[PDB]
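Contents: one structure, followed by commentary.
Please treat every number below as a calculation from the coordinates, not as lab data. Ideal geometry is used to build each Cβ from the backbone, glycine not excepted, and the neighbour counts take in all protein chains shown.
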Amino acid sequence: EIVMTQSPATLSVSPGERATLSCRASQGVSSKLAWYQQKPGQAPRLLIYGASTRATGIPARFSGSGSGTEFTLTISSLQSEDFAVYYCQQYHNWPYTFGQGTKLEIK
Amino acid sequence: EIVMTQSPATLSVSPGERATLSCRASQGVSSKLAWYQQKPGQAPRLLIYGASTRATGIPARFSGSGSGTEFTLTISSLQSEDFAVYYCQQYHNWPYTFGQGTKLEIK
Amino acid sequence: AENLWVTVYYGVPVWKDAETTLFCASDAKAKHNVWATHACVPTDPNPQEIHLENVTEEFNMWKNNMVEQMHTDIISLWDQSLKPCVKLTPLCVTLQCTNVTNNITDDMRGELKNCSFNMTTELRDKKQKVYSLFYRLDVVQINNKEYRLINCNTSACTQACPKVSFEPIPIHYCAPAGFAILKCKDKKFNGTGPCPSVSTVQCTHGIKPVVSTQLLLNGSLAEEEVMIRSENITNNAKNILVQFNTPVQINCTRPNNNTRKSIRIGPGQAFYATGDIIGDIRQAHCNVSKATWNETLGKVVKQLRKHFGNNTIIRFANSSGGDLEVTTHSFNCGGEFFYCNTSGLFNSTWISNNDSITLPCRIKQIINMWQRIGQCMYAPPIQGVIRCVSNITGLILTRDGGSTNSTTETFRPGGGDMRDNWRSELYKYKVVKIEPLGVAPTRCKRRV
Amino acid sequence: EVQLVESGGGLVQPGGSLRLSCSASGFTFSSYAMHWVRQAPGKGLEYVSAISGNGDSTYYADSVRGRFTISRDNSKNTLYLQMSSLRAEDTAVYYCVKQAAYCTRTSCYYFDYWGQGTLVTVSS
Amino acid sequence: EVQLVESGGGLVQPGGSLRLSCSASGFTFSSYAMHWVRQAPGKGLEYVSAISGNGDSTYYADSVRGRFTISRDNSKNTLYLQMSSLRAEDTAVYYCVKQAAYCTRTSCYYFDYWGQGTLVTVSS
Amino acid sequence: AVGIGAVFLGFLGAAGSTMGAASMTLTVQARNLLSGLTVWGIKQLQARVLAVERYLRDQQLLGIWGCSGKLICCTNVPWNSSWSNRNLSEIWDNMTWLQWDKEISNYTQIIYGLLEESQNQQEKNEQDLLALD
Amino acid sequence: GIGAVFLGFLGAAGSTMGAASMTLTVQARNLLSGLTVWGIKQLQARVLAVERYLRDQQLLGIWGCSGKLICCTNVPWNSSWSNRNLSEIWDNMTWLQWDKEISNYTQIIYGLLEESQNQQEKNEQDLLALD
Amino acid sequence: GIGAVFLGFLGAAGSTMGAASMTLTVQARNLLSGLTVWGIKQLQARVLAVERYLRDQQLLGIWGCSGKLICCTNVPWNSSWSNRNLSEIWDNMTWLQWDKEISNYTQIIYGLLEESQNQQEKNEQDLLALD
Ligand SMILES: *[C@@H]1O[C@H](CO)[C@@H](O[C@@H]2O[C@H](CO)[C@@H](O[C@@H]3O[C@H](CO[C@H]4O[C@H](CO)[C@@H](O)[C@H](O)[C@@H]4O)[C@@H](O)[C@H](O[C@H]4O[C@H](CO)[C@@H](O)[C@H](O)[C@@H]4O[C@H]4O[C@H](CO)[C@@H](O)[C@H](O)[C@@H]4O)[C@@H]3O)[C@H](O)[C@H]2NC(C)=O)[C@H](O)[C@H]1NC(C)=O
Ligand SMILES: *[C@@H]1O[C@H](CO)[C@@H](O[C@@H]2O[C@H](CO)[C@@H](O[C@@H]3O[C@H](CO[C@H]4O[C@H](CO)[C@@H](O)[C@H](O)[C@@H]4O)[C@@H](O)[C@H](O[C@H]4O[C@H](CO)[C@@H](O)[C@H](O)[C@@H]4O)[C@@H]3O)[C@H](O)[C@H]2NC(C)=O)[C@H](O)[C@H]1NC(C)=O
Ligand SMILES: *[C@@H]1O[C@H](CO)[C@@H](O[C@@H]2O[C@H](CO)[C@@H](O[C@@H]3O[C@H](CO[C@H]4O[C@H](CO)[C@@H](O)[C@H](O)[C@@H]4O)[C@@H](O)[C@H](O[C@H]4O[C@H](CO)[C@@H](O)[C@H](O)[C@@H]4O)[C@@H]3O)[C@H](O)[C@H]2NC(C)=O)[C@H](O)[C@H]1NC(C)=O
Ligand SMILES: *[C@@H]1O[C@H](CO)[C@@H](O[C@@H]2O[C@H](CO)[C@@H](O[C@@H]3O[C@H](CO)[C@@H](O)[C@H](O)[C@@H]3O)[C@H](O)[C@H]2NC(C)=O)[C@H](O)[C@H]1NC(C)=O
Ligand SMILES: *[C@@H]1O[C@H](CO)[C@@H](O[C@@H]2O[C@H](CO)[C@@H](O)[C@H](O)[C@H]2NC(C)=O)[C@H](O)[C@H]1NC(C)=O
Ligand SMILES: *[C@@H]1O[C@H](CO)[C@@H](O[C@@H]2O[C@H](CO)[C@@H](O)[C@H](O)[C@H]2NC(C)=O)[C@H](O)[C@H]1NC(C)=O
Ligand SMILES: *[C@@H]1O[C@H](CO)[C@@H](O[C@@H]2O[C@H](CO)[C@@H](O)[C@H](O)[C@H]2NC(C)=O)[C@H](O)[C@H]1NC(C)=O
Ligand SMILES: *[C@@H]1O[C@H](CO)[C@@H](O[C@@H]2O[C@H](CO)[C@@H](O)[C@H](O)[C@H]2NC(C)=O)[C@H](O)[C@H]1NC(C)=O
Ligand SMILES: *[C@@H]1O[C@H](CO)[C@@H](O[C@@H]2O[C@H](CO)[C@@H](O)[C@H](O)[C@H]2NC(C)=O)[C@H](O)[C@H]1NC(C)=O
Ligand SMILES: *[C@@H]1O[C@H](CO)[C@@H](O[C@@H]2O[C@H](CO)[C@@H](O)[C@H](O)[C@H]2NC(C)=O)[C@H](O)[C@H]1NC(C)=O
Ligand SMILES: *[C@@H]1O[C@H](CO)[C@@H](O[C@@H]2O[C@H](CO)[C@@H](O)[C@H](O)[C@H]2NC(C)=O)[C@H](O)[C@H]1NC(C)=O
Ligand SMILES: *[C@@H]1O[C@H](CO)[C@@H](O[C@@H]2O[C@H](CO)[C@@H](O)[C@H](O)[C@H]2NC(C)=O)[C@H](O)[C@H]1NC(C)=O
Ligand SMILES: *[C@@H]1O[C@H](CO)[C@@H](O[C@@H]2O[C@H](CO)[C@@H](O)[C@H](O)[C@H]2NC(C)=O)[C@H](O)[C@H]1NC(C)=O
Ligand SMILES: *[C@@H]1O[C@H](CO)[C@@H](O[C@@H]2O[C@H](CO)[C@@H](O)[C@H](O)[C@H]2NC(C)=O)[C@H](O)[C@H]1NC(C)=O
Ligand SMILES: *[C@@H]1O[C@H](CO)[C@@H](O[C@@H]2O[C@H](CO)[C@@H](O)[C@H](O)[C@H]2NC(C)=O)[C@H](O)[C@H]1NC(C)=O
Ligand SMILES: *[C@@H]1O[C@H](CO)[C@@H](O)[C@H](O)[C@H]1NC(C)=O
Ligand SMILES: *[C@@H]1O[C@H](CO)[C@@H](O)[C@H](O)[C@H]1NC(C)=O
Ligand SMILES: *[C@@H]1O[C@H](CO)[C@@H](O)[C@H](O)[C@H]1NC(C)=O
Ligand SMILES: *[C@@H]1O[C@H](CO)[C@@H](O)[C@H](O)[C@H]1NC(C)=O
Ligand SMILES: *[C@@H]1O[C@H](CO)[C@@H](O)[C@H](O)[C@H]1NC(C)=O
Ligand SMILES: *[C@@H]1O[C@H](CO)[C@@H](O)[C@H](O)[C@H]1NC(C)=O
Ligand SMILES: *[C@@H]1O[C@H](CO)[C@@H](O)[C@H](O)[C@H]1NC(C)=O
């Protein structure tokens, strides 16, 4: 079972700067990585699929990149509503596995 | 480009004898050789196609032979009207190439 | 009308650049050749070539996998031919050599050494005192006149089988079904960039595996004019490949009536030594017509100014230096390996406005082909007088760096890598991979 | 717009049974696979079970295999998860999830939409 | 009996334009390819251009490619050759030629009947 | 397909021709995809194995699409405009197969899977229809 | 509907025969592509794969099922081979379980299929003669 | 036949062409199954078998007879090839005898079949484009 490692566990960035979230896979998952955002008390929302493609209705701030084992999520213009736990999921090998999450804090 | 060489450049034979014209190709053209006769101030006329087959309406005295790289045209019974420039043409490799001509002169 | 459906087409004319295993085909007209052409498929007597109208393809003679494949195949064939022959391990002994001074000209003074040594007999407990003639380039003084073979501290030479012939036989490189070889028919192609006139063939023309260093021998000539080809002409570290439109005849000879002497060095093993030159001893040399060489060099200069300028002084100078295999026109002629001093050829300066040249040549018996260290070959002596006539089809030149406002450019011959010998012939060929399956939209729909 | 609403979660004693229902609207229900994903408190999301569009094939995580049962009602656009013999570690927030796409020559188990989720608590 | 008659040839200045026509009768025009063959004075026959039976495919020699334009009108059984930016070496006698046969498994670009031909001169 | 009035037909002859024109010469390419110890012997063996592999690679794809033994085979898969938005005339008259391959290369795998699924569905539907007799 | 969770090589090996029959192309497309010591093993593997694929294709061809995933035949099912109901074969059995049952009778079925295909070809030739 | 004494590889080699035509599958099913130089030679033999089978299949395909044991064609029989009656071919000689007679004219027939299939494919394509 592919293990998804998300670092750092917690990240604190003030509004307006770029926040980089990194996800690592125990083995190569090609470009099959998806990013989800889960604000407290709400269901997760898909942000990126295929590691680079943005889901419909997702602003241009969220940019995803990476392939194989190393993946990163970039939020160029952080805003007051980007506070949420971000999960990276691989859909290359069944069962699909999620990362432990990266809590983003508004400094 | 396959080069067709005709030897001799000019051949002189009196009426009634056999006349032999030789055409040589730079590369093997199998049986894809044709012979044309061009009287002065007249359009060329097909004599032999396939190096051995006679075009319709051609006198039987015109005989062509050969295969591969060496071909010969034999006119068993030369006659007065059999005065013209004889061209050999290959249709094995595009573009088709013609011989330089063998001016036949009545002796 | 607005609804389109996928239609599957099989056999569409599409291809992609690819690297494949090209097999050999040889004329059946011609089992004692280094290039085992007896194992090559017979060639088509009338090769088929299709003219690809409207097709423009990108060629690159300097990144052609065909050259690497040919290099590997040639080396493998050389090694395979040398595998069954005699191994000259016993020949690595101390030699008591003395100069050959029996009717020797001044030039050929000190070149031949008369070496006597103890050699193993067919019986392991008996030795025979034999003697042989060795060229000065093969023996090394031990430090009395005690010598040893040049290779004794690097490897043991494998004597070339006398029956096996070194004559280059043309090789046609054929691609497997599902692959095609595209030939660039452009007469002014410079080895790189698009080729407006292209054609597809299944086998290349007969490419002789001629091995030479400074002069390209027995090659194919340019159809229109001399062609200068370089990976990067501006760079001075890249060799320049020159192709002649008309050949320059070169007459190489070995004016020594050599005698072959068979020495039995073991059970069923014979070492072929040089017994004695019958008659006078003269240096080997090659001749090229002075007028023809001057004309070809003038054409080369004329075509060289296109890349440097109409008002630049083009001068040719002999090789800078290095080992004898790079500083001399190395080649094999009738089984004997020559190393000619091409100083009289590349010696002239060209401003922007009957006889023959004799090139003194040295001969070796211990040969280190393919620039490999630790794997040498001993060429047995060839009885009689050797004489071969070849065509100088091209050159492998090298420019001199350090422009610093250079109104003059200096070009010197340079060999070394043997791929440049193959590259001069496989420059117009490239291997492609066919993709017969294609899908396109059409109004047709499958009936249910 | 796509909407997924869960229901049926609540307090259940260990070894008991519980059924969750997810009413899906806004898309062709029968054409997309539906998954159940749970997030135990203080832990990340993990896979529970999945079912194909027509319901022929159902997949189960090793932990829940043999105890849970996923089923769908394409006519009513509903997704069910019948848990039996629950344990203390089955307590989590269960999300009914819609697979983003259906692909034949690759893998596409990423999720377009997630249900609000219903908390299931197993305790005495 | 197959007749091929040329027309349009004459005197044209270098860099000018010229159009030739070849009316063909006595055979199915659309079923055979048509070629243009030129014979420069004191030289042998040379290939200029060719066109398939239905006119979808046209072939040109390297010398004339990009300047000439071969076309045919199957309706009126006519073959045209439009020349542009003519040069001195383009002067020759151009024959409109009928290809012998059509083969899908071999090469058959030999010629049954040749037109009389027309003289084209390029000079100032 | 039978080359009426064709100047000449040869392997990859219509490589520079438009897709419409090159579609009438499929037989020319199709029939040449199978026919055409020492160092040379090994190379010949590898070449033969490569030829067989490459031929069967396309033959299998044709077989599982229901197009076995066909040069032009219509399918039930509708053309998604996302793959290519060019008009039919813009494809079959102003483009060559080499150019086309460079455009739909990104979407080849998607199309192949769709063709395979459609063929499977057709086979199942035909089985069901025949089961009613 | 078309809502497969995921399709992969042998992914339906555990599914019922009916459900696994909708993923035939998944297996069929991976049957051709899923000197040194390592240089000969690769060549042998390639040749072996080609041979196995061609054996299967030949068996399909001589049965009249060439280029087909699901091909119907004229050979009636013999209750001796398997007496199980249709419902309990296509909904309560996997292809792996089925294969272990019809194994002592596979050659008989193959011979019957070949004979039936030959008879069909002969009959079709006879009928075309009348026209 | 419907009931045969025994069917074996080349068993009908001596039967008349009519009787031997009911055992085509018997021969068709045996055309594919049957470091060092021995390994290389074995590999060459296996590759040769595969190539021969594929060549036969391609020949069938380019004639339009893909995956058929008996395929009717549109090529008329030229009496020059053989003047024997239908009854005297299918009931008075064997395939081996027949092959020795039309061996000279085999390539002509193959070329005619290929060209006829080309014409049929053109007709199919034109009719399809017409609709
Ligand atoms: C560029 O290309 C040119 C031509 O394409 C090439 O020149 C040719 O070189 C070859 C090999 O050096 C020459 O062939 C040799 O010719 C000599 C002389 O033969 C003469 O006499 C015979 C009649 O006997 C005539 O038929 C012939 O035309 C000549 O007039 C032969 O002696 C050679 O044969 C011996 O060596 C062969 C191995 O190469 C053996 O296979 C053969 O059996 C012969 O061996 C016998 O003699 C040996 C010497 O006495 C002895 O040691 C053996 O034990 C045995 O007894 C060979 O046929 C050819 O004539 C040249 N052609 C021209 C026009 O000059 C260039 O070499 C080439 N350049 C490069 C760099 O590759
Ligand atoms: C290599 O590539 C060249 C060009 O890249 C190809 O040559 C072109 O071939 C096409 C045919 O596919 C030619 O197009 C046809 O031209 C005919 C004549 O054009 C003249 O006359 C028309 C009026 O009728 C003028 O408008 C035009 O400007 C010219 O003066 C047209 O009659 C044809 O139209 C017919 O067919 C089209 C289908 O394409 C229909 O839509 C029309 O309604 C009509 O029925 C057609 O347009 C083109 O002219 C050629 N260009 C050249 C020679 O420069 C070679 O064929 C190609 N060769 C290979 C082997 O690939
Ligand atoms: C791995 O293996 C497991 C178990 O072997 C498979 O899971 C089973 O999948 C089958 C279908 O593939 C399930 O059977 C179906 O259940 C549906 C829901 O069940 C409810 O309704 C039935 C009666 O309708 C009740 O008996 C049951 O208690 C539930 O209340 C039914 O709706 C289905 O019936 C419909 O389809 C069948 C066709 O199969 C028709 O015959 C019926 O008439 C009706 O139309 C069907 O009965 C079964 O419940 C699952 N068992 C589990 C999950 O434990 C996996 O699919 C399999 N996975 C893989 C990849 O192989
Ligand atoms: C290379 O050196 C060898 C000797 O190591 C030379 O061979 C030997 O030459 C001498 C003098 O020519 C020979 O001696 C003479 O022999 C003849 C014939 O038997 C005899 O009549 C004389 O009285 C005298 O003894 C000797 O036999 C000969 N061989 C050996 C084994 O010594 C050889 O000539 C030299 N070659 C060259 C090119 O210098
Ligand atoms: C034998 O020949 C060798 C090679 O020419 C001679 O060795 C050297 O030759 C050069 C050139 O004349 C001299 O400068 C050296 O002094 C020679 N080396 C010495 C003398 O050790 C060698 O002298 C020759 N011997 C005889 C006897 O002729
Ligand atoms: C070949 O071997 C012989 C003896 O095996 C060598 O001759 C001897 O050489 C040694 C060393 O100088 C002397 O001490 C002996 O007196 C010699 N004996 C005889 C009988 O000659 C001879 O030099 C060797 N020849 C070579 C190496 O060329
Ligand atoms: C094998 O021996 C040769 C000759 O003795 C060596 O070549 C010489 O190497 C020395 C090393 O200091 C140089 O100074 C000389 O200039 C070299 N001369 C020639 C003619 O090469 C060679 O290096 C030795 N090879 C090995 C591997 O020991
Ligand atoms: C060197 O080039 C000459 C051409 O100048 C070659 O001689 C020609 O060889 C061909 C092939 O046998 C003949 O058809 C020509 O008639 C020859 N012409 C002349 C002028 O000799 C010669 O064969 C070449 N030598 C090589 C490549 O070794
Ligand atoms: C061909 O060679 C020239 C000179 O070696 C290259 O030009 C040099 O490029 C490097 C890096 O691009 C620069 O650092 C040098 O200053 C350049 N020197 C000159 C004289 O231009 C040139 O890039 C090469 N061509 C290609 C295609 O690589
Ligand atoms: C190369 O050319 C030289 C002349 O520069 C040739 O040498 C002449 O050969 C003839 C042949 O008998 C002699 O009569 C002359 O006395 C020699 N002149 C010299 C040596 O200056 C030489 O033979 C030629 N080599 C070839 C053609 O291989
Ligand atoms: C090279 O030397 C050999 C001697 O080994 C010469 O062969 C002799 O030739 C003459 C004339 O044909 C014969 O009468 C002798 O019987 C031969 N002796 C032999 C073969 O041992 C050969 O002619 C010489 N060649 C040259 C070019 O000088
Ligand atoms: C190289 O040798 C060839 C002969 O092998 C020479 O060609 C001969 O040249 C003479 C000129 O004196 C002519 O009389 C002969 O007719 C030529 N024979 C052939 C077969 O060509 C050639 O001249 C020599 N070239 C050089 C540069 O030495
Ligand atoms: C290139 O030519 C130069 C001069 O023409 C050669 O250098 C001479 O070499 C000889 C013998 O090695 C010496 O006696 C001279 O003193 C050298 N002169 C100079 C100016 O260097 C050089 O050896 C030649 N190179 C090659 C590879 O042939
Ligand atoms: C190649 O030949 C040249 C001359 O043709 C050699 O250079 C001359 O060598 C001699 C001694 O052999 C010197 O006296 C001259 O001064 C040198 N220069 C000339 C003649 O211009 C050159 O050394 C030869 N190459 C090799 C490697 O020996
Ligand atoms: C290289 O070229 C130079 C100049 O052409 C040659 O030098 C001349 O050689 C001749 C012949 O010995 C002398 O008469 C001249 O005095 C030399 N001029 C000089 C040195 O400036 C030189 O011999 C050539 N080298 C070769 C052919 O190896
Ligand atoms: C070769 O030709 C190409 C295209 O004309 C050009 O880009 C390149 O610089 C040339 N290389 C040379 C002249 O060395
Ligand atoms: C080569 O020819 C040119 C032009 O005829 C001449 O200037 C030059 O001196 C010649 N080279 C010589 C004679 O070495
Ligand atoms: C060099 O001269 C040639 C003709 O000899 C000319 O075509 C070319 O333009 C000239 N080059 C320059 C840079 O002047
Ligand atoms: C194909 O995909 C590559 C990689 O995503 C992209 O760079 C390229 O632009 C695409 N081309 C087309 C025609 O879609
Ligand atoms: C199949 O045959 C084997 C060996 O004869 C026998 O052991 C087994 O019980 C048989 N099983 C079936 C299902 O026919
Ligand atoms: C039969 O073939 C011969 C040549 O062998 C030919 O002359 C004859 O016209 C052909 N007849 C038919 C009907 O095909
Ligand atoms: C076939 O041709 C050969 C000659 O090539 C001839 O001997 C034989 O009789 C012919 N067989 C026939 C016509 O059946």
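Inside region G:15-32, can you point out the residues that are over 13 Å from the mean Cα position of the chain (by Cα) and within 7 Å of another protein chain (Cβ to nearest Cβ)?
G:15, G:19, G:22, G:29, G:32
So which residues in region C:184-205 are over 22 Å from residue F:8 (Cβ atoms) and either among the hydrophobic types (A, V, I, L, M, F, W, C) or within 16 Å of ligand 22 (Cβ to nearest atom) (or both)?
C:189
On the basis of being among the small types (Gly, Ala, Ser) and part of a helix (DSSP H, G or I), does residue H:111 make the cut? Give the derivation first.
On the way: among the small types (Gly, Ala, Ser): yes; part of a helix (DSSP H, G or I): yes.
Against the criterion (among the small types (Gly, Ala, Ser) and part of a helix (DSSP H, G or I)), residue H:111 qualifies.
Go through region C:104-135 and give me each residue that's within 18 Å of residue C:92 (Cβ to Cβ), of a type in the set (D, E, K, R) and in a loop (DSSP other than H, G, I, E, B).
C:124
If I ask for residues that are more than 9 Å from chain F (Cβ to nearest Cβ) and surrounded by 18 or more Cβ atoms within 10 Å (Cβ to Cβ), which ones from region C:72-84 would you list?
Within region C:72-84, C:74, C:78, C:81, C:82 qualify.
Among the residues of region G:36-70, write down those that are more than 12 Å from chain F (Cβ to nearest Cβ), closer than 23 Å to residue G:106 by Cβ and in a helix (DSSP H, G or I). Spell out how you get there, then give the answer.
Here is the first cut: in region G:36-70, the ones more than 12 Å from chain F (Cβ to nearest Cβ) are G:37-38, G:41, G:55, G:58-59, G:62-64.
Now drop any that are not closer than 23 Å to residue G:106 by Cβ, which leaves G:55, G:58-59, G:62-64.
G:55, G:58, G:59, G:62, listed by residue number.
Any residue in region C:422-438 that is in a loop (DSSP other than H, G, I, E, B), away from chain F (no Cβ under 14 Å), more than 30 Å from residue C:14 (Cα to Cα) and of a type outside the set (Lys, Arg)?
Step one: filter region C:422-438 for residues in a loop (DSSP other than H, G, I, E, B), giving C:424-425, C:435-436.
Filter once more, so that each one left must be away from chain F (no Cβ under 14 Å): C:424-425.
From the residues that got through so far, the ones that are more than 30 Å from residue C:14 (Cα to Cα) too are none.
No, region C:422-438 contains no residue that is in a loop (DSSP other than H, G, I, E, B), away from chain F (no Cβ under 14 Å), more than 30 Å from residue C:14 (Cα to Cα) and of a type outside the set (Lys, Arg).
So which residues in region C:21-36 are crowded, with 22+ Cβ neighbours inside 10 Å and within 22 Å of residue C:179 (Cβ to Cβ), if there are any at all?
Once the filter is applied, which keeps residues that are crowded, with 22+ Cβ neighbours inside 10 Å and within 22 Å of residue C:179 (Cβ to Cβ), region C:21-36 yields C:22, C:23, C:24, C:25, C:26.
Quick check: is even one residue across region C:267-279 away from ligand 12 (no atom under 16 Å from the Cβ), in contact with a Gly (Cβ under 8 Å, 6 or more places away or on another chain), away from chain B (no Cβ under 14 Å) and assigned to a strand (DSSP E or B)?
At the first step, the residues of region C:267-279 found to be away from ligand 12 (no atom under 16 Å from the Cβ) are C:267-279.
Restricting the remaining residues to those that are in contact with a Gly (Cβ under 8 Å, 6 or more places away or on another chain) gives none.
No, there is no match, as no residue in region C:267-279 is away from ligand 12 (no atom under 16 Å from the Cβ), in contact with a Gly (Cβ under 8 Å, 6 or more places away or on another chain), away from chain B (no Cβ under 14 Å) and assigned to a strand (DSSP E or B).
Does any residue of region C:282-302 turn out to be in a loop (DSSP other than H, G, I, E, B), under 30 Å from residue C:148 (Cβ atoms) and away from ligand 8 (no atom under 16 Å from the Cβ)?
First, pick out the residues of region C:282-302 that are in a loop (DSSP other than H, G, I, E, B): C:282-283.
Pick out the ones that are also under 30 Å from residue C:148 (Cβ atoms) and you get C:282-283.
Narrowing further to those that are away from ligand 8 (no atom under 16 Å from the Cβ): C:282-283.
Within region C:282-302 (the criterion being in a loop (DSSP other than H, G, I, E, B), under 30 Å from residue C:148 (Cβ atoms) and away from ligand 8 (no atom under 16 Å from the Cβ)), the answer is yes, since at least one residue qualifies.
Say whether the condition of being away from ligand 18 (no atom under 16 Å from the Cβ), in contact with an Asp or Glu (Cβ under 6 Å, 6 or more places away or on another chain) and not in a loop (DSSP other than H, G, I, E, B) is met by at least one residue in region C:160-176. Before you say what the answer is, go through the steps one by one.
Kept after step one, since they are away from ligand 18 (no atom under 16 Å from the Cβ), are these residues of region C:160-176: C:160-176.
With in contact with an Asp or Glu (Cβ under 6 Å, 6 or more places away or on another chain) added as a condition, the list becomes none.
No: zero hits.
Looking at C:386, C:351, can you tell me which residue is more than 16 Å from ligand 12 (Cβ to nearest atom) and more than 14 Å from chain F (Cβ to nearest Cβ)?
The match here is C:351.
Residue-wise test of (1) crowded, with 16+ Cβ neighbours inside 10 Å; (2) not in a loop (DSSP other than H, G, I, E, B).
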{"residue": "A:1", "(1), (2)": "no, no"}
{"residue": "A:37", "(1), (2)": "yes, yes"}
{"residue": "A:43", "(1), (2)": "yes, no"}
{"residue": "A:51", "(1), (2)": "yes, no"}
{"residue": "A:66", "(1), (2)": "yes, yes"}
{"residue": "A:73", "(1), (2)": "yes, yes"}
{"residue": "A:80", "(1), (2)": "no, no"}
{"residue": "A:92", "(1), (2)": "yes, no"}
{"residue": "A:95", "(1), (2)": "yes, no"}
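Which of the residues that make up region H:85-97 are touching a helix residue (DSSP H, G or I) at 6+ places or on another chain (Cβ under 8 Å) and either more than 22 Å from residue G:119 (Cβ to Cβ) or outside any helix (DSSP H, G or I) (or both)? Explain how you work it out, then say what you get.
Of the residues in region H:85-97, the ones touching a helix residue (DSSP H, G or I) at 6+ places or on another chain (Cβ under 8 Å) are H:89-91, H:93-96.
Selection gives H:91, H:93, H:94, H:96.
Please determine whether any residue of region C:127-142 is within 16 Å of ligand 13 (Cβ to nearest atom) and aliphatic (A, V, I, L, M).
There is at least one residue in region C:127-142 that is within 16 Å of ligand 13 (Cβ to nearest atom) and aliphatic (A, V, I, L, M).
Within region F:85-133, work out how many residues are within 14 Å of chain D (Cβ to nearest Cβ) and not in a loop (DSSP other than H, G, I, E, B).
Counting residues in region F:85-133 that are within 14 Å of chain D (Cβ to nearest Cβ) and not in a loop (DSSP other than H, G, I, E, B) gives 15.
Of the conditions (1) among the small types (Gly, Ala, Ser); (2) assigned to a loop (DSSP other than H, G, I, E, B); (3) within 12 Å of another protein chain (Cβ to nearest Cβ), residue G:82 satisfies every one except a single condition; which number is it?
It fails just one condition, (3).
Scanning region F:34-64 for residues that are over 21 Å from residue C:31 (Cα atoms) and among the basic types (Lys, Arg), which turns out surrounded by the fewest Cβ atoms within 10 Å (Cβ to Cβ)? Steps first, answer last, please.
First, the residues of region F:34-64 that are over 21 Å from residue C:31 (Cα atoms): F:34-36, F:46-64.
Now narrow it down to the ones that are among the basic types (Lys, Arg): F:48, F:54, F:57.
Working: F:48: 21, F:54: 21, F:57: 14.
Per the criteria, the residue is F:57.
From C:279, C:193, which residue is within 16 Å of ligand 9 (Cβ to nearest atom) and on the phi > 0 side of the Ramachandran plot? Working first, answer last.
Numbers: C:279 fails: within 16 Å of ligand 9 (Cβ to nearest atom).
Within the list C:279, C:193, the selection yields C:193.
For region C:18-102, list the strands (runs of 3 or more DSSP E) that sit wholly inside it and hold at least 1 residues that are more than 16 Å from ligand 8 (Cβ to nearest atom) and closer than 30 Å to residue C:257 by Cβ; which are they?
Values: elements: C:23-26, C:49-52, C:57-60, C:95-99.
It comes to C:95-99.
What's the number of the only condition in (1) farther than 30 Å from residue F:42 by Cα; (2) of a type in the set (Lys, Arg); (3) loosely packed, with under 14 Cβ neighbours inside 10 Å that residue G:52 fails to meet?
Looking at each condition in turn, residue G:52 falls short on (1).
Does residue F:37 count as part of a loop (DSSP other than H, G, I, E, B) and either more than 10 Å from chain E (Cβ to nearest Cβ) or more than 30 Å from residue G:48 (Cβ to Cβ) (or both)? Lay out the reasoning, then the answer.
Values: part of a loop (DSSP other than H, G, I, E, B): yes; either more than 10 Å from chain E (Cβ to nearest Cβ) or more than 30 Å from residue G:48 (Cβ to Cβ) (or both): yes.
Judged against the criteria, residue F:37 is a match.
Please enumerate the residues belonging to region H:6-35 that are in contact with a helix residue (DSSP H, G or I) (Cβ under 9 Å, 6 or more places away or on another chain) and outside any helix (DSSP H, G or I).
Keep residues of region H:6-35 that are in contact with a helix residue (DSSP H, G or I) (Cβ under 9 Å, 6 or more places away or on another chain), which gives H:7-29, H:31-35.
H:7, H:8, H:9, H:10, H:15, H:16, H:29, H:31, H:32, H:33, H:34, H:35 - these are the residues of region H:6-35 that are in contact with a helix residue (DSSP H, G or I) (Cβ under 9 Å, 6 or more places away or on another chain) and outside any helix (DSSP H, G or I).
Output yes when any residue across region E:10-25 is assigned to a loop (DSSP other than H, G, I, E, B), more than 14 Å from chain F (Cβ to nearest Cβ) and within 25 Å of residue B:40 (Cα to Cα), and no when none is.
Residues of region E:10-25 assigned to a loop (DSSP other than H, G, I, E, B): E:10, E:13-16.
Now narrow it down to the ones that are more than 14 Å from chain F (Cβ to nearest Cβ): E:10, E:13-16.
Right, trim to within 25 Å of residue B:40 (Cα to Cα) and you get E:10.
Within region E:10-25, one or more residues are assigned to a loop (DSSP other than H, G, I, E, B), more than 14 Å from chain F (Cβ to nearest Cβ) and within 25 Å of residue B:40 (Cα to Cα).
With (1) of a type in the set (A, V, I, L, M, F, W, C); (2) surrounded by fewer than 18 Cβ atoms within 10 Å (Cβ to Cβ); (3) more than 14 Å from every other protein chain (Cβ to nearest Cβ) as the list, and residue A:62 as the residue in question, which single condition is left unmet?
(2)
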